[PDB]
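Peer 1: Those protein sequence lines, which keep their order, are chains g, s, m, i, c, n and j. Take the first sequence: its letters are residues 7 to 79, 83 to 155, numbered as in the authors' numbering. For the authors' numbering, count along the second sequence from 1 and bump the result up by 3. For the authors' numbering, count along the third sequence from 1 and bump the result up by 1. Take the fourth sequence: its letters are residues 5 to 59, 61 to 132, numbered as in the authors' numbering. Take the fifth sequence: its letters are residues 2 to 46, 48 to 77, 80 to 204, numbered as in the authors' numbering. For the authors' numbering, count along the sixth sequence from 1 and bump the result up by 29. For the authors' numbering, count along the seventh sequence from 1 and bump the result up by 4. Where a beta carbon is used, it is the ideal one built from N, C-alpha and C, also for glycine.
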Amino acid sequence: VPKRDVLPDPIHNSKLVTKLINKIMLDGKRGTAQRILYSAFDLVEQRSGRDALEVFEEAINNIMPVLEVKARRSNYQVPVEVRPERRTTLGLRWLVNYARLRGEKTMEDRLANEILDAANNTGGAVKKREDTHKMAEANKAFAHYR
Amino acid sequence: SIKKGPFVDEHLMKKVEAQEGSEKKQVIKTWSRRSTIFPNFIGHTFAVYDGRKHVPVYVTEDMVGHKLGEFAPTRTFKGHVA
Amino acid sequence: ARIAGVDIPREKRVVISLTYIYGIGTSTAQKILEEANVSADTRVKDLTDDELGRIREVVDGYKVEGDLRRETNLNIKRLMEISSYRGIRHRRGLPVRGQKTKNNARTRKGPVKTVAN
Amino acid sequence: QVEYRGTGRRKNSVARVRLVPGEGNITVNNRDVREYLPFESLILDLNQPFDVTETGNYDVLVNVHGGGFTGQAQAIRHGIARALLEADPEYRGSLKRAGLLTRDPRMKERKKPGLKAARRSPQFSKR
Amino acid sequence: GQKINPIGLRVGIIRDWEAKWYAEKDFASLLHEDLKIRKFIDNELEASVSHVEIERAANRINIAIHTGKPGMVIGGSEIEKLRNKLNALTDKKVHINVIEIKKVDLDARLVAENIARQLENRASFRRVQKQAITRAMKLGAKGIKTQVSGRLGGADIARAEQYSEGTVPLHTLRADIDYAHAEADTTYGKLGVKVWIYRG
Amino acid sequence: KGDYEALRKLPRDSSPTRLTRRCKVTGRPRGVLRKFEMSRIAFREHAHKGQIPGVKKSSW
Amino acid sequence: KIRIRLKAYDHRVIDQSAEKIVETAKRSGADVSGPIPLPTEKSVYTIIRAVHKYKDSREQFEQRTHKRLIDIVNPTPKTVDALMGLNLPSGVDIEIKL
RNA sequence: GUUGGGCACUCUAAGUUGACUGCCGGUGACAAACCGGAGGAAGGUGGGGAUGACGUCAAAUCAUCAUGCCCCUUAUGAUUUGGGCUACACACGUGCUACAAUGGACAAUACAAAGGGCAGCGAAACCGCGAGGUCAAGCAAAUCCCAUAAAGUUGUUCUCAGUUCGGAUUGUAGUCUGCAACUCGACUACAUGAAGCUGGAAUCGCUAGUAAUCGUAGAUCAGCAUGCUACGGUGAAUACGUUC
RNA sequence: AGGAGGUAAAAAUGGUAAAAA
Ligand SMILES: [Mg+2]
Ligand SMILES: [Mg+2]
Ligand SMILES: [Mg+2]
Ligand SMILES: [Mg+2]
Ligand SMILES: [Mg+2]
Ligand SMILES: [Mg+2]
Ligand SMILES: [Mg+2]
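This is the structure:
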């Protein structure tokens, strides 16, 4: 049961900017979802003085994990390696879900601070990646052999 | 609500003006609860059909535009325990 | 500033801050701001004293909140002394308009009194 | 004066295509496509046939009715694809790989009785 | 229980409607006084009638009676007196035709009523079906099913016995399958019979 | 009381908003469609015999 | 001109009634417009298939109406009573709007 | 597209062509069949529907109808008027509207499918702040009417506040259907401004034009739809492996 | 192929009595 296809965006010609529009898309409305992502890049370029895609490719890799637990059977967590497409699944989902919990008063402003924070290797969506390695390296001992 | 003249039932209004000739006696029986109380209705004490029986009702000068039936309650509620 | 015997929030716009007076809503605020020829987008902080008296003059034509308390409550207190249908519903503390009282009368009923048998 | 036509259907919307040589600017329902479509992302996939065949010097004039702006624009690329095959039969192979020639058969499903939608069930109770 | 009428599914595929008329207005009233024509015929007629098919035009109604013994409906004095009663009821003109049927036991309308009148004679219910199973298969039925349900022997509780011989495909929709349910009114209550006959 | 209910419906009432409608075959007050003037139970057995003109089962 | 609308419940009893009327127009020469089909008017009835309980079990019934429009121009003395004379099969009505 | 012309395009609805594991490769007991590939609008019973084997639950209905037996028959049958089926300390099931900034308000502007209409559908104009009122064009329907589709898009504005969020509750003044809205209708206008800051233990639906969301239509019906039945717009995320 | 020794702790209860060759 495969995933079909997604075509790129006109502006950046990339496969995972348009895949981020689907995660911000709430209620099936696409037009509001495009304005939140196309205008937050303009806010990032004001702060960083860099290309918007250049800060984006850096901040995506700082969120994407490499090895995660899985519950199976008392309570046992087994660390396995992550496929190269669940990495982008777990990566930018943490980018949007932890950006709604920022505290600023505009999601246009909340999305542009997380890509600013996560490029500097700090933040709420980055400490989730720290606590999915730390949780998976305490119990790396027992579970790999079995 | 109705912009037409407040609702007259032909039998009820007939015997209210058949009371203002000599004396205002105290009991007339009526089954009309849908009749708007006219300004002529005052001073006469009616007997509406609550359901079980006709109950007494007096009309003061603060009942114009109100129905005849709303002063008689049809269903009775006592307390759930007291 | 203060108008018609009530204090007014100062930072907000005039057509919103006039709706803080009991008796004036969003339509009867603009129906003063359209005849007195005051710009509706002004802040209450930024009026002068000439436009304040011009608005205050025509407001007393409409009923003040001190009038509306004894005007509304006298419409209820005459319903109880004539023993109407909704006069006694005001006494019981139950919904007037004929709502079903099986499940939800909670605005008039209030907090809940949970028992079962 | 040679003019290639195609018809394109998607999702209760049909298209009628007249293309003239000229500058590559789309025309639809005697207006311009800037106001006709809210999102420029739709313009990228209706200019997808000109990308894959590599050519251009074609001015397209479209007439559509029915449907909403996604189906009424993603049917235009169906008409562009079936008219560029009237210009050159060799262009078919580049259009075949992306799938621009085929028609989507996905249309709206039927509201079944007992269910609130096609595949939506009422909430279940004490089991 | 959990099966539909096989005649009712196939109406519009390989069965024809019993009524054939268009009515833009008065479709309610022109139907329910047409429902009294066929009720009037089935009570008076004992001629074993299958079809009371109706065609209507302006000022006329065509009555194409399909029956087992055609001489009972034809009679002269029998048919026109029925026509005299039909003209008096609707206050419109009727025109009756009588069509016979050969192979009487190859029609499920008439196997169902023959079994139901013999059950009022209180004959054994297992053998009234078994003669009906044998008689159709010699006359040329590829399949036949018969069911009698109710208080069969006079028992205090009800059951249902059924019989078959041959193929009767009920899920095949292009199969032409006749079907009828008739009633027997016993002193022990009612009694439902059901006959499927598949001829090909 | 099904006899007097179908009998009280046939004469015209004093007030023309008292006029209910019933089935013509069974005399049922609810679930009756006014184009055919028969209830939802009497409409199903007539369609399954083939007596109402131009009516089948829809399977779109 | 002469406008003839056919309306029936079947796509087969009206398909022959359109062709059988149009030869009789051709017997008086020519100039009869071909049968052009009009969109059908179909109606859906949704009844409960149970008697007492079971609201969730329904059954969907259908009534269709099929249409054909035939135009005839240049009327001749022979052509009027000829098409009036023949009797169509039952279930279809003529709406002649001259 | 309104009138001269044109049936090219679309559309309408009748008839036909088409998809079959029918070709190519490999594995296979040379068999069944599976994994691919070509062509092709569509590929592996294309998507969805209709269709429910013998039987199980003394499952539901005697109030659709029909009926064995039992009871009533100066009433358990019949008539009218008023009342109740709408009560209210509470407990449960199913939904609707919310708690806001992916938002609220004010302007301009964009694109549907389906279905209904004879004393029924009410165009335009004028009148009213609005619900509506007067006068009535056309129309038994690919023609006229219900009928501006809404979310959307472009603009101004509000600034994290139980508020310019929410719209319950109550007062006054109305409109309409009807013999008549007190018990006990729908809607409008003004004033009023309740709980509510994402919901404990537990629990539900859903694999693609689906979930979520946004309007529209019908039956019943004088008048009354958060219900039911249908229709289209925008439109995801995920399936590693199991079935412990 | 054959022999031998063992299982990721847990988890109660539910009157009586009949149908039908
Ligand atoms: Mg249930
Ligand atoms: Mg009524
Ligand atoms: Mg039982
Ligand atoms: Mg009564
Ligand atoms: Mg608001
Ligand atoms: Mg808040
Ligand atoms: Mg046990």
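How long is the line joining the alpha carbons of residue 62 (chain i) and residue 16 (chain g), rounded to whole angstroms?
Peer 2: Taking the straight line from one Cα to the other gives about 21 Å.
Peer 1: Short check: CB of residue 99 (chain m) to CB of residue 109 (chain m), under 8 Å?
Peer 2: Going by C-beta atoms, residue 99 (chain m) is not nearer than 8 Å to residue 109 (chain m).
Peer 1: Near residue 28 (chain s), what residues of its chain come up, given a Cβ to Cβ distance below 6 Å and the 5 sequence neighbours on each side ignored?
Peer 2: So no residue of the chain qualifies.
Peer 1: Cα-Cα, which of g:67, g:91, g:93 is closest to residue 130 (chain g)?
Peer 2: The shortest Cα separation from residue 130 (chain g) among g:67, g:91, g:93 belongs to g:67.
Peer 1: Run down chain j in chain order and give the residues with a C-beta less than 7 Å from the C-beta of residue 119 (chain i).
Peer 2: Simply 60.
Peer 1: Check this for me: beta carbons of residue 36 (chain s) and residue 51 (chain s), under 8 Å apart or not?
Peer 2: Yes, Cβ-Cβ distance for residue 36 (chain s) and residue 51 (chain s) is below 8 Å.
Peer 1: Mind checking who residue 89 (chain g) pairs with in its DSSP beta bridge?
Peer 2: Residue 89 (chain g) is bridged to g:74.
Peer 1: Quick one: grab the DSSP three-state call for residue 22 (chain g).
Peer 2: Coil at residue 22 (chain g), not helix or strand.
Peer 1: Closest by CA to residue 82 (chain g), which one among g:48, g:37, g:32, g:23?
Peer 2: Between 79 and 83 the numbering of chain g has a gap, and residue 82 (chain g) falls inside it, with no coordinates.
Peer 1: By DSSP, does residue 27 (chain g) sit in helix, in strand, or in coil?
Peer 2: Residue state, collapsed to three classes: helix.
Peer 1: Please determine if the stretch 5–23 of chain i and the stretch 84–92 of chain i are in contact, where contact requires at least 3 C-beta pairs separated by less than 8 Å.
Peer 2: The stretch 5–23 of chain i vs the stretch 84–92 of chain i: in contact.
Peer 1: Going by C-alpha to C-alpha distance, which of m:66, m:68, m:30 sits closest to residue 19 (chain m)?
Peer 2: If we check each option's Cα against that of residue 19 (chain m), m:30 comes out closest.
Peer 1: Please work out which residues of its chain come closer than 7 Å, Cβ to Cβ, to residue 24 (chain c), disregarding the five sequence neighbours upstream and downstream, and give them in chain order.
Peer 2: Within the same chain, residue 24 (chain c) has close Cβ partners 31.
Peer 1: Got a sec? Which residues, its chain only, sit under 6 Å from residue 48 (chain s) by beta carbon, not counting five neighbours each side?
Peer 2: 29, 61.
Peer 1: What span of residues does the beta strand (DSSP E) with residue 147 (chain c) cover, start to end?
Peer 2: Residues 147–154.
Peer 1: Expressed to the nearest angstrom, what Euclidean distance is found between the alpha-carbon atoms of residue 69 (chain s) and residue 85 (chain m)?
Peer 2: Their Cα atoms are separated by approximately 9 Å.
Peer 1: Consult DSSP for residue 69 (chain s) and reduce its assignment to one of helix, strand or coil.
Peer 2: DSSP places residue 69 (chain s) in coil when its eight states are reduced to three.
Peer 1: With respect to the beta strand (DSSP E) encompassing residue 190 (chain c), which residues constitute its N-terminal and C-terminal limits?
Peer 2: Unbroken beta strand (DSSP E) run through residue 190 (chain c): 181–190.
Peer 1: I'd like to check one pair, residue 119 (chain c) with residue 200 (chain c): are the Cβ atoms closer than 8 Å?
Peer 2: In this structure, residue 119 (chain c) does not lie closer than 8 Å to residue 200 (chain c) by Cβ.
Peer 1: Tell me whether the stretch 137–146 of chain c and the stretch 100–109 of chain c touch, counting them as touching only if at least three CB pairs, one residue from each stretch, are closer than 8 Å.
Peer 2: Yes, the stretch 137–146 of chain c is in contact with the stretch 100–109 of chain c.
Peer 1: Taking 8 Å as the CB-CB cut-off, is residue 114 (chain c) touching chain n?
Peer 2: No, no contact with chain n.
Peer 1: If we cut at 8 Å on Cβ distances, does residue 81 (chain n) have a partner in chain c?
Peer 2: So yes, residue 81 (chain n) belongs to the interface.
Peer 1: Chain n partners of residue 51 (chain j), CB-CB under 7 Å?
Peer 2: Correct list: 69, 72, 73.
Peer 1: Flag this pair as touching only if the stretch 153–160 of chain c and the stretch 46–60 of chain n have three or more C-beta atom pairs under 8 Å; answer yes or no.
Peer 2: Output reads no: the stretch 46–60 of chain n does not touch the stretch 153–160 of chain c.
Peer 1: Does the beta carbon of residue 130 (chain i) fall short of 7 Å from some heavy atom of ligand 1?
Peer 2: Indeed, a heavy atom of ligand 1 lies less than 7 Å from the Cβ.
Peer 1: Return the Cβ separation of residue 69 (chain g) and residue 138 (chain g) in integer angstroms, given the expectation that the two are a contact with Cβ distance under 8 Å.
Peer 2: Going by Cβ atoms, the distance from residue 69 (chain g) to residue 138 (chain g) rounds to 6 Å, so yes, they are a contact pair.
Peer 1: With a threshold of 7 Å on Cβ separation, who are the neighbours of residue 137 (chain c) within its own chain once the five nearest residues in sequence on each side are excluded?
Peer 2: Once the five neighbours on either side are set aside, the close Cβ partners of residue 137 (chain c) are 148, 150, 167, 169.
Peer 1: Three-state secondary structure (DSSP) at residue 79 (chain i)?
Peer 2: Here residue 79 (chain i) sits in coil by DSSP.
Peer 1: Anything in chain i within Cβ reach of residue 133 (chain g), meaning under 7 Å, just list it in chain order.
Peer 2: The contacting residues do not exist; residue 133 (chain g) stays about 30 Å from chain i at best.
Peer 1: If we ignore side chains and look at the alpha-carbon of each, how far apart do residue 76 (chain m) and residue 68 (chain m) end up?
Peer 2: If I take the Cα positions, the gap works out to 13 Å.
Peer 1: Strictly by DSSP, which residues pair up with residue 67 (chain n)?
Peer 2: The partner list for residue 67 (chain n) (beta bridge, DSSP) reads n:62.
Peer 1: Under the assumption that residue 69 (chain i) contacts residue 24 (chain i) (Cβ atoms under 8 Å), give the Cβ distance between them as a whole number of angstroms.
Peer 2: Wrong, their Cβ atoms sit about 18 Å apart, outside the cutoff.
Peer 1: Which of the residues in the stretch 85–103 of chain m, read from start to end, lie with their CB under 7 Å from any CB of chain s?
Peer 2: So the list reads 85, 86, given in the order they occur along the chain.
Peer 1: Residues of chain c with CB under 7 Å from residue 66 (chain n), in chain order?
Peer 2: Simply 29, 33.
Peer 1: Going by C-alpha to C-alpha distance, which of m:25, m:17, m:104 sits closest to residue 42 (chain m)?
Peer 2: The residue with the shortest Cα to Cα distance from residue 42 (chain m) is m:17.
Peer 1: How many angstroms separate the CA atom of residue 80 (chain g) from the CA atom of residue 143 (chain g)?
Peer 2: It's not possible to place residue 80 (chain g) here, given that chain g moves directly from 79 to 83.
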